[PDB]
Amino acid sequence: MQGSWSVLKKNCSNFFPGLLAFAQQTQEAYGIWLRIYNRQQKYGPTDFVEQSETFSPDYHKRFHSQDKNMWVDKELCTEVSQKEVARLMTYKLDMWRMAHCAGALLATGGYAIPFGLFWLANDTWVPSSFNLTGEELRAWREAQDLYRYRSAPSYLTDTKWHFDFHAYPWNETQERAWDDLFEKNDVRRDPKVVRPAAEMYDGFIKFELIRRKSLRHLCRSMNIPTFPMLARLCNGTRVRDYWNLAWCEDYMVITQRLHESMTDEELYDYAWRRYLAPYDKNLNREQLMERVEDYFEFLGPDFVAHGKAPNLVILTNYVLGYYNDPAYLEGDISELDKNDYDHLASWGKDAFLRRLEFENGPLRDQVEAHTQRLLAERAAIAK
Amino acid sequence: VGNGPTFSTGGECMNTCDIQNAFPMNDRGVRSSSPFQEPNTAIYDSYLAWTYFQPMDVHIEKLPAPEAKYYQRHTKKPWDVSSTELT
Amino acid sequence: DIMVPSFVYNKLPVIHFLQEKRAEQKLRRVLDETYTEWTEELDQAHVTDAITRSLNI
Amino acid sequence: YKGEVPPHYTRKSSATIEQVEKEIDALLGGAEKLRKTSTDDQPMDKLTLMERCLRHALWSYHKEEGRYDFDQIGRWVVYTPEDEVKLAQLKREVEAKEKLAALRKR
Amino acid sequence: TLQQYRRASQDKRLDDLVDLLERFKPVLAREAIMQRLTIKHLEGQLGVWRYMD
Ligand SMILES: CCCCCCCCCCCCCCCCCC(=O)OC[C@H](COP(=O)([O-])OCC(O)COP(=O)([O-])OC[C@@H](COC(=O)CCCCCCCCCCCCCCCCC)OC(=O)CCCCCCCCCCCCCCCCC)OC(=O)CCCCCCCCCCCCCCCCC
Ligand SMILES: CCCCCCCCCCCCCCCCCC(=O)OC[C@H](COP(=O)([O-])OCC(O)COP(=O)([O-])OC[C@@H](COC(=O)CCCCCCCCCCCCCCCCC)OC(=O)CCCCCCCCCCCCCCCCC)OC(=O)CCCCCCCCCCCCCCCCC
Ligand SMILES: CCCCCCCCCCCCCCCCCC(=O)OC[C@H](COP(=O)([O-])OCC(O)COP(=O)([O-])OC[C@@H](COC(=O)CCCCCCCCCCCCCCCCC)OC(=O)CCCCCCCCCCCCCCCCC)OC(=O)CCCCCCCCCCCCCCCCC
Ligand SMILES: CCCCCCCCCCCCCCCCCC(=O)OC[C@H](COP(=O)([O-])OCC(O)COP(=O)([O-])OC[C@@H](COC(=O)CCCCCCCCCCCCCCCCC)OC(=O)CCCCCCCCCCCCCCCCC)OC(=O)CCCCCCCCCCCCCCCCC
Ligand SMILES: CCCCCCCCCCCCCCCCCC(=O)OC[C@H](COP(=O)([O-])OCC(O)COP(=O)([O-])OC[C@@H](COC(=O)CCCCCCCCCCCCCCCCC)OC(=O)CCCCCCCCCCCCCCCCC)OC(=O)CCCCCCCCCCCCCCCCC
Ligand SMILES: CCCCCCCCCCCCO[C@@H]1O[C@H](CO)[C@@H](O[C@H]2O[C@H](CO)[C@@H](O)[C@H](O)[C@H]2O)[C@H](O)[C@H]1O
């Protein structure tokens with residue numbers, strides 16, 4: 001979304017109340033995170049707590065491993081509720097953006113003020129706390145969805161093009177899953193058909209081998225600030241933490257069937273945090289429930305059985321596929337009756353163009369026959 | 001017929017290129033210079049061979065105009081600029 | 001202005017061909033899933049037999 | 001024999017069978033000039049495939065309803081020898097019932 | 001009685017047929033668009049920008 005004066009006025013008016021609300025949310029989220037971190041350190045697996053090292057097979061660069069460095073706390077409901085987890089995730093996003101802005105301010109002293117003016121003129125990178133009314137919140141969500149639309153197609157295309165150019169699926173079912181994975185949101189994708197793509201891509205690329213450019217695109221699509229990007233293991237850590245929280249909440253909801261009892265707005269927010277339901281689509285409860293059930297089905301039974309989610313790259317692609325809108329086409333079909341090269345009509349045809357028209361025109365067969373006969377006669381005379 | 005250009009070829013022969021399959025083949029066995037179907041495609045032999053297509057007046061059974069609902073997609077975004085506008 | 005446009009223009013034919021093939025594949029899958037379901041209904045002879053039994057014949 | 005009446009289903013959209021048939025006829029009428037016949041063993045066209053699928057569904061629905069028009073059912077629904085056997089069995093049964101009713105009335 | 005039994009299936013079949021018709025219509029629209037594009041291409045009055053749009 002482009003900046004505007006109205007949004008600038010809105011954010012300037014709500015600047016200090018927004019900061020106060022952000023501080024209160026910071027205290028609450030620190031409490032929640034303290035509970036969660038204590039639980040992880042106490043009951044977490046040895047590899048997860050000790051931060052086991054997983055190195056790439058080519059350049060031996062460490063990155064988070066989905067199996068070892070990610071853990072689903074099945075018993076987190078006792079200490080932390082689902083709403084607290086959602087609050088923590090939202091605060092994590094807001095705190096990331098605020099921390100980047102504060103770092104810029106500290107780095108550049110008082111010279112960041114005009115850049116702050118640019119910042120407050122757009123809702124893309126402002127915290128949710130800056131909105132004090134429903135309309136402002138709707139505009140902020142619209143800006144976030146616009147950024148997601150802007151960013152996701154690049155990530156999807158990167159993944160698909162790299163895999164298709166450097167590899168092909170093994171079997172027909174994998175082919176169908178791969179082809180149907182990257183369909184536009186206007187059609188409904190069957191998670192059962194699409195799941196094998198997760199194993200196929202695990203064979204190709206895991207989350208531990210994700211490239212830095214693809215990571216940048218993904219972080220853009222998740223509304224995670226990317227500047228300064230730095231090494232790939234910082235935003236990678238952010239992504240891992242966010243999706244670990246999301247998986248814990250998803251396990252809680254699946255086990256307790258909370259989504260059925262969840263209200264309409266809370267359900268919409270829950271889907272949105274999973275990048276499943278844009279607000280500009282004006283989805284109803286039926287569609288939200290369908291998408292959430294499809295997401296749970298894609299996670300698969302193994303997620304509940306052992307807390308193991310499918311490949312995170314493929315999961316991110318699948319969820320972001322809902323922001324891959326069909327390519328725009330505007331204009332009545334009658335426009336196809338016009339011509340594009342009328343301005344050249346005055347130039348006419350030169351000798352070469354006339355020759356080409358004569359040779360390759362409707363008389364082409366006659367010209368070919370005459371030319372071949374003449375050439376054969378000349379060759380015979382030569383011999 | 002007009003003197004207007006057509007789909008660009010890059011001075012390449014489509015019967016031997018690495019993506020030749022993407023170009024339809026006509027009855028005469030000459031692959032088209034474009035994804036479209038061409039009946040009078042030809043090949044010329046200079047130092048290198050190159051494909052050519054001569055525009056001509058040909059009548060094609062025109063399917064009736066559909067409704068705007070089934071081909072228009074109003075997903076336009078502020079950043080989007082169409083190819084015509086870019087040109 | 002020069003390079004990216006040229007490479008996009010080079011890409012166009014292959015992508016068009018692949019998307020046409022994909023649409024044909026979708027249509028083929030749609031056709032292949034169609035089967036005529038022949039339903040079976042209770043034979044009326046048994047109904048006639050039960051009617052006779054009810055008559056005490 | 002059937003068991004229980006199947007659980008009720010709510011239509012997602014409202015439309016009559018006659019309206020659907022008219023829409024299908026309109027859709028297939030505009031492509032008649034473009035539509036080209038071919039040998040049975042030769043590959044089919046998009047128009048032919050659409051026509052076959054639509055007519056198959058329409059005539060399956062009609063036969064389930066009770067509109068036993070065998071002339072079109074044998075064309076738009078028969079694709080298997082088992083299907084042909086089922087159609088022949090159905091064709092005899094309907095004619096037999098019609099004759100039986102007529103003579104029972106006479 | 002038979003009609004009551006074979007009711008939900010008939011409604012689902014009708015809805016599926018309607019959906020199939022709505023699915024096929026865009027394909028015919030694309031085919032017509034390609035026909036017109038080819039017509040203009042054969043006349044040498046088609047720009048790549050128009051084709052991409
Ligand atoms: C005055 C001197 C200035 C020096 C120059 C500075 C120049 C600017 C550089 C940037 C400095 C920092 C700017 C503020 C950031 C805000 C604080 C913060 O860390 O936020 C958390 C957040 C952590 O991010 P993360 O990815 O979630 O962390 C993953 C971890 O696993 C997270 O671990 P976890 O998963 O376990 O979760 C823990 C989480 C759990 O907690 C929570 O969830 C609750 C929330 C806690 C965080 C709240 C942050 C709030 C931010 C907004 C504040 C308000 C802004 C208001 C603005 C308007 C004001 C009008 O709590 C934390 O976030 C703790 C993080 C660790 C602490 C980091 C701070 C260390 C420095 C401070 C101590 C210095 C001591 C000096 C002693 C001197 C001795 C001689 O910070 C960020 O977003 C990262 C910064 C982004 C910008 C990067 C820019 C480049 C930096 C390069 C630095 C290189 C070295 C310096 C030299 C530079 C030369 C070029
Ligand atoms: C009070 C407030 C509260 C307190 C403060 C709170 C904290 C605030 C600070 C933190 C805020 C963070 C968030 C900021 C968001 C907004 C950022 C931004 O700018 O967005 C673009 C922003 C518009 O954003 P937007 O419309 O909202 O669209 C955002 C979209 O989402 C588009 O988004 P996008 O992602 O596509 O855009 C991104 C774009 C952002 O960039 C841009 O968009 C470019 C902006 C500038 C374009 C200028 C075009 C016009 C040029 C005119 C030239 C002169 C004309 C003639 C003038 C004649 C005058 C008489 O690209 C980048 O991000 C590139 C990053 C590049 C990083 C560079 C790093 C260099 C490192 C160096 C290497 C070091 C290596 C290590 C070495 C180690 C050695 C030991 O641009 C503008 O507004 C343009 C302003 C142009 C001003 C006028 C021209 C310049 C005037 C200069 C005057 C100089 C006076 C002194 C002269 C003295 C001479 C002696
Ligand atoms: C046709 C001709 C037209 C005119 C052409 C003009 C001539 C240009 C010729 C040369 C152009 C190329 C130059 C390339 C140089 C080499 C670059 C390189 O090696 O980069 C590697 C690498 C690449 O960056 P990356 O993070 O991988 O991704 C870059 C993408 O652009 C990230 O993209 P993304 O899509 O992933 O993220 C988008 C979005 C993502 O959103 C976010 O990230 C959220 C918002 C973040 C806000 C910023 C947070 C910063 C946190 C702290 C950073 C560390 C600070 C270190 C300590 C301070 C050091 C000064 O981020 C933004 O929107 C960034 C907004 C930044 C706006 C400012 C851009 C520069 C405009 C000019 C302003 C300054 C003019 C000074 C000269 C005039 C003075 C009168 O750079 C870094 O790691 C970044 C380090 C940044 C350090 C701070 C800047 C150091 C440079 C000196 C600053 C001096 C300030 C002076 C103030 C005024 C004094 C009076
Ligand atoms: C205006 C400000 C200007 C600032 C200038 C200063 C420089 C810029 C400042 C910082 C800018 C911000 C961005 C920095 C890069 C961020 C990288 C990153 O993303 O890291 C993430 C990463 C976090 O990810 P993680 O998953 O937690 O851990 C990484 C994984 O382990 C990763 O796992 P892995 O699988 O990748 O494991 C490998 C990993 C393992 O390493 C690590 O990651 C561990 C941390 C680094 C350890 C480094 C120390 C190693 C031991 C040194 C022993 C020296 C003994 C010498 C004894 C001499 C006795 C006479 O990497 C290595 O193996 C690399 C080792 C380093 C090799 C160094 C080779 C240098 C060759 C020199 C050639 C000759 C030079 C010229 C001649 C000189 C002599 C005449 O961060 C770190 O681990 C540490 C980050 C530290 C950032 C730099 C802090 C800067 C402080 C500046 C203070 C001084 C300021 C002076 C100002 C002056 C006035 C202006
Ligand atoms: C208008 C112009 C004004 C003037 C401008 C003047 C320009 C000077 C030109 C010379 C500059 C050369 C350096 C260019 C840096 C940018 C390179 C780059 O972006 O490459 C992309 C490159 C390509 O990545 P890719 O192709 O996407 O993916 C490949 C891999 O997958 C990537 O996967 P990965 O990320 O896992 O693997 C990389 C990572 C893997 O490793 C790790 O993750 C472990 C990290 C270990 C960190 C160890 C730090 C050790 C520090 C020891 C300090 C001890 C304390 C001493 C205290 C007392 C003394 C002060 O290792 C690193 O990249 C870190 C290496 C160590 C960084 C050291 C700090 C920066 C030094 C910069 C100055 C160098 C000398 C310059 C002069 C000579 C020039 C010939 O990506 C990276 O390298 C990403 C990290 C970039 C970090 C460096 C930039 C940080 C921001 C700078 C802030 C300060 C700004 C100051 C502004 C000054 C304005 C005047
Ligand atoms: C400028 C620096 C800013 C830093 C900002 C971040 C600060 C974070 C502080 C977190 C403090 C957590 O507090 C700490 O939690 C761990 C884990 O439960 C406890 O750890 C305790 O239980 C664990 C798990 O059984 C044992 O492995 C450990 O031996 C034992 O001490 C510590 O006893 C407690 O002190």
# chains A, B, ... in the order shown; residues from 1 in each chain; ligands from 1
$ residues_around --residues "residue 42 of chain E" --least-positions-apart "4" --cutoff "7 Å" --atoms "only C-alpha atoms" --output "list in words"
residues 55 and 56 of chain B; 38 of chain E
$ residues_near_ligand --ligand "ligand 6" --cutoff "9 Å" --atoms "only C-alpha atoms and all ligand atoms" --output "ChimeraX atom specification"
/A:34-35,37-44,49
$ write_last_selection --atoms "C-alpha atoms" --output "tab-separated table (two decimals), in the first residue's frame"
chain	number	residue	atom	x	y	z
A	34	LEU	CA	8.15	-16.59	30.34
A	35	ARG	CA	5.61	-19.31	31.03
A	37	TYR	CA	9.96	-20.74	27.81
A	38	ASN	CA	10.01	-22.25	31.30
A	39	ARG	CA	7.78	-25.08	30.08
A	40	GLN	CA	9.99	-25.66	27.03
A	41	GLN	CA	13.19	-25.69	29.08
A	42	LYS	CA	11.70	-28.03	31.68
A	43	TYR	CA	9.79	-30.55	29.53
A	44	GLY	CA	11.45	-29.99	26.15
A	49	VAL	CA	16.75	-27.57	24.72
$ residues_near_ligand --ligand "ligand 1" --cutoff "9 Å" --atoms "only C-alpha atoms and all ligand atoms" --output "MDAnalysis selection string"
chainID A and resid 15:16 19 22:23 25:34 37 88 91:108 225 227:230 234:239 241
$ select_by_dssp --residues "segment 270-319 of chain A" --states "alpha helix (DSSP H)" --output "ChimeraX atom specification"
/A:270-273,285-299,301-306,312-319
$ residues_around --residues "residue 46 of chain C" --least-positions-apart "6" --cutoff "12 Å" --atoms "only C-alpha atoms" --output "list in words"
residues 52 and 53 of chain C; 1 of chain D
$ closest_atom_pairs --of "chain D" --to "chain B" --cutoff "12 Å" --atoms "only C-alpha atoms" --output "Markdown table"
| residue | atom | partner | partner_atom | distance |
| --- | --- | --- | --- | --- |
| D:26 | CA | B:64 | CA | 11.5 |
| D:27 | CA | B:66 | CA | 10.1 |
| D:28 | CA | B:63 | CA | 11.2 |
| D:29 | CA | B:64 | CA | 10.3 |
| D:30 | CA | B:64 | CA | 6.5 |
| D:31 | CA | B:63 | CA | 6.4 |
| D:32 | CA | B:63 | CA | 9.3 |
| D:33 | CA | B:61 | CA | 7.0 |
| D:34 | CA | B:61 | CA | 6.4 |
| D:35 | CA | B:61 | CA | 10.1 |
| D:36 | CA | B:61 | CA | 11.7 |
| D:47 | CA | B:63 | CA | 11.9 |
$ write_last_selection --atoms "N, CA and C atoms" --output "short mmCIF file (atom, residue, chain, number, x, y, z; two decimals), in the first residue's frame"
data_model
loop_
_atom_site.label_atom_id
_atom_site.label_comp_id
_atom_site.auth_asym_id
_atom_site.auth_seq_id
_atom_site.Cartn_x
_atom_site.Cartn_y
_atom_site.Cartn_z
N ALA D 26 -27.90 -23.97 -25.15
CA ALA D 26 -27.39 -22.67 -25.58
C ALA D 26 -25.87 -22.68 -25.65
N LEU D 27 -25.22 -23.27 -24.65
CA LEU D 27 -23.76 -23.31 -24.63
C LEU D 27 -23.22 -24.10 -25.81
N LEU D 28 -23.84 -25.24 -26.11
CA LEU D 28 -23.36 -26.10 -27.19
C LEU D 28 -23.79 -25.62 -28.57
N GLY D 29 -24.77 -24.72 -28.65
CA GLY D 29 -25.23 -24.26 -29.95
C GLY D 29 -24.31 -23.25 -30.60
N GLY D 30 -23.60 -22.45 -29.80
CA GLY D 30 -22.72 -21.45 -30.35
C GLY D 30 -21.44 -22.01 -30.95
N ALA D 31 -21.06 -23.22 -30.56
CA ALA D 31 -19.84 -23.86 -31.03
C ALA D 31 -20.10 -24.88 -32.13
N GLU D 32 -21.32 -24.92 -32.67
CA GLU D 32 -21.63 -25.92 -33.69
C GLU D 32 -20.74 -25.76 -34.92
N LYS D 33 -20.54 -24.52 -35.37
CA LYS D 33 -19.66 -24.29 -36.51
C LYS D 33 -18.24 -24.72 -36.20
N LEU D 34 -17.75 -24.38 -35.01
CA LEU D 34 -16.39 -24.78 -34.63
C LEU D 34 -16.29 -26.28 -34.43
N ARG D 35 -17.35 -26.90 -33.91
CA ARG D 35 -17.31 -28.33 -33.62
C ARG D 35 -17.09 -29.13 -34.90
N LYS D 36 -16.17 -30.08 -34.83
CA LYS D 36 -15.82 -30.92 -35.97
C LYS D 36 -15.90 -32.38 -35.57
N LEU D 47 -14.90 -29.36 -27.34
CA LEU D 47 -16.35 -29.28 -27.47
C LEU D 47 -16.98 -30.66 -27.32
#
$ residues_around --residues "residue 268 of chain A" --least-positions-apart "3" --cutoff "7 Å" --atoms "only C-alpha atoms" --output "PyMOL selection string"
chain A and resi 264-265+271-272+277+288
$ write_last_selection --atoms "N, CA, C and O atoms" --output "PDB file, in the first residue's frame"
ATOM      1  N   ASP A 264     -16.990 -15.843  15.135  1.00  0.00           N
ATOM      2  CA  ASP A 264     -16.705 -15.523  13.740  1.00  0.00           C
ATOM      3  C   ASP A 264     -15.444 -14.677  13.609  1.00  0.00           C
ATOM      4  O   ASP A 264     -14.546 -15.006  12.825  1.00  0.00           O
ATOM      5  N   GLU A 265     -15.358 -13.581  14.364  1.00  0.00           N
ATOM      6  CA  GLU A 265     -14.195 -12.706  14.256  1.00  0.00           C
ATOM      7  C   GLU A 265     -12.926 -13.407  14.723  1.00  0.00           C
ATOM      8  O   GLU A 265     -11.871 -13.283  14.089  1.00  0.00           O
ATOM      9  N   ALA A 271      -7.581 -17.842  11.205  1.00  0.00           N
ATOM     10  CA  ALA A 271      -7.223 -18.188   9.834  1.00  0.00           C
ATOM     11  C   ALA A 271      -6.219 -17.198   9.265  1.00  0.00           C
ATOM     12  O   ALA A 271      -5.279 -17.585   8.561  1.00  0.00           O
ATOM     13  N   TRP A 272      -6.404 -15.911   9.560  1.00  0.00           N
ATOM     14  CA  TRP A 272      -5.524 -14.882   9.019  1.00  0.00           C
ATOM     15  C   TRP A 272      -4.093 -15.073   9.498  1.00  0.00           C
ATOM     16  O   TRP A 272      -3.146 -14.964   8.711  1.00  0.00           O
ATOM     17  N   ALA A 277      -6.938 -16.759   5.127  1.00  0.00           N
ATOM     18  CA  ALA A 277      -8.174 -16.024   4.867  1.00  0.00           C
ATOM     19  C   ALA A 277      -7.905 -14.528   4.793  1.00  0.00           C
ATOM     20  O   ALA A 277      -7.838 -13.854   5.835  1.00  0.00           O
ATOM     21  N   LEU A 288     -14.411 -20.054   6.018  1.00  0.00           N
ATOM     22  CA  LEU A 288     -13.340 -20.089   7.005  1.00  0.00           C
ATOM     23  C   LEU A 288     -13.187 -21.484   7.591  1.00  0.00           C
ATOM     24  O   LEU A 288     -12.067 -21.988   7.736  1.00  0.00           O
TER      25      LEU A 288
END
$ closest_residue --among "B:1, B:22, B:42, B:81" --to "chain C" --atoms "only C-alpha atoms"
B:22
$ closest_residue --among "A:65, A:78, A:214, A:128" --to "ligand 3" --atoms "only C-alpha atoms and all ligand atoms"
A:214
$ closest_atom_pairs --of "chain A" --to "chain C" --cutoff "12 Å" --atoms "only C-alpha atoms" --output "CSV"
residue,atom,partner,partner_atom,distance
A:161,CA,C:15,CA,11.5
A:175,CA,C:22,CA,11.6
A:176,CA,C:25,CA,10.2
A:179,CA,C:22,CA,8.6
A:180,CA,C:26,CA,10.2
A:183,CA,C:22,CA,11.0
$ write_last_selection --atoms "N, CA and C atoms" --output "short mmCIF file (atom, residue, chain, number, x, y, z; two decimals), in the first residue's frame"
data_model
loop_
_atom_site.label_atom_id
_atom_site.label_comp_id
_atom_site.auth_asym_id
_atom_site.auth_seq_id
_atom_site.Cartn_x
_atom_site.Cartn_y
_atom_site.Cartn_z
N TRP A 161 9.78 -22.72 -9.74
CA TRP A 161 10.72 -22.67 -10.85
C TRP A 161 11.99 -23.42 -10.51
N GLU A 175 3.44 -35.93 -9.06
CA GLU A 175 3.22 -34.96 -10.12
C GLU A 175 1.92 -34.20 -9.91
N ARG A 176 0.84 -34.93 -9.61
CA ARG A 176 -0.45 -34.28 -9.39
C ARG A 176 -0.39 -33.35 -8.19
N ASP A 179 1.59 -30.20 -9.16
CA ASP A 179 0.86 -29.33 -10.07
C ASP A 179 -0.29 -28.62 -9.36
N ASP A 180 -1.02 -29.34 -8.50
CA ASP A 180 -2.17 -28.76 -7.83
C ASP A 180 -1.78 -27.88 -6.65
N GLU A 183 -1.90 -23.91 -7.59
CA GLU A 183 -3.07 -23.37 -8.27
C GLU A 183 -3.53 -22.08 -7.61
#
$ residues_around --residues "residue 37 of chain E" --least-positions-apart "3" --cutoff "12 Å" --atoms "only C-alpha atoms" --output "ChimeraX atom specification"
/A:333-340 /B:6-7,34-37,60,62 /E:30-34,40-53
$ interface_residues --of "chain D" --to "chain C" --cutoff "9 Å" --atoms "only C-alpha atoms" --output "number ranges by chain"
D: 1-2, 46, 49-50, 52-53, 56-57, 60, 64, 77-79, 83, 86
$ interface_residues --of "chain D" --to "chain E" --cutoff "7 Å" --atoms "only C-alpha atoms" --output "list in words"
residues 5, 6, 8, 9, 11, 12, 13, 57 and 61 of chain D
$ atom_distance --atom1 "atom 83 (O, counted along the ligand's line) of ligand 2" --atom2 "atom CA of residue 83 of chain B"
25.9 Å
